[PDB]
Each structure stands twice: as structure tokens, then as C-alpha cells.
């Protein structure tokens, strides 16, 4: 069917965090991930994605990612992943490389096109897919002990698919945004 878009997740991997050697402060960036087909399957459409955080907000911090097209600094919300002394911040963007990193500092924001945040009629150009880029950074909220800290898998939030044509917009299709657990080495 023309509106038979089906979701697929976007995730970052804890294992990509370098070894922490050192409040609150950023202790490292996970590898940025990309998925051109977070929503795929239907016919060509004008589409946009809205991210909704799923984790409690425990603080805020200024930061600039080294990975994405991040020119200025921004306010990020520190989210709780249920690990003492730790927190994470999120930044998202459209799949295409020129798009800007969208810091997550609210309960809802359009990650692509970023213009939809200031114009409710704005969608991406006609395409048969919607994708995203995911950036995550670990934050130490307090002095961390040396060793291996376990990080559980947590759903960081959800991308909601909106489209110009009402039938696809009415489906309200969503896809999950994931942090894949593992361990981090503090020294």
C-alpha cells in the first residue's frame, strides 16, 4: 500500500565509548549512527520526524559534539539511564550529511527537517523513506570509581512519522531510539 511504511530502530552502541581516564561533565562520545530507513515501505511522500524523549530529565549541560555538523554550543538535557554517577545527552539530525545536529533539550522537537520547528507546513522533499542520525554522549554527574561500569540497554525515546497527506499522517507511525548496553572503562 502507499501508506504501508514500516519502522526500524536507530541505535548507538555503548561499546564505542573510549576509556574514561578522568561536575557534571562530558566524559566521552559514542560513535554516531545513521539509518536512512527508519521508516520505509510506502510510496513517495513529504515527511518529517519528531523525537520524544523517554527518560527522566535529571539536569542540563552545555556541550558541542565533535562528530556532527555542530558549530555553536547548545543546551542538552541530561537523561537518567539508571546508573549512579552517570547520565547521557542526545543529539539527532536528518540522515543526509548536511543536516544540522538538533540538541534534545525539550519534550519534543523535529530532528528533520529542522525548519518544521519554526513552520508547521514544512516537510522533507518528496522521498520514499525517512531516516535519522543519532549522537549520544555519556555524562558523569559525580566522581566515578575506577573499573568497569555496566550500562543497561535503554530506549532513549521515539521518532514519530508525520506526513503532508493525512492518511499517512493518521497512522502515527513511530520508531524506537535505542542505547545498546555494555560496559565502560574508567581509569
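Residue numbers count along the first chain shown, from 1.
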Comparing 131-139 with 144-152, the higher average Cα temperature factor in the PDB entry belongs to 144-152
Decide which of the stretches 13-21 and 159-167 has the higher mean C-alpha B-factor, going by the entry.
13-21
Based on what the PDB entry reports, which of 52, 36, 33, 118 has the top C-alpha B-factor?
118
Relative to the other modelled residues of the same chain, rank the CA B-factor of residue 59 and answer lowest, middle or highest third.
highest
Mind checking which third residue 106 falls in for C-alpha B-factor across the chain?
middle
Relative C-alpha B-factor of residue 68, binned into the chain's lowest, middle or highest third
highest
Residue 86 by Cα B-factor - lowest, middle or highest third of the modelled chain
middle
Once the chain's modelled residues are ordered by C-alpha B factor and cut into thirds, is residue 114 in the lowest, middle or highest one?
lowest
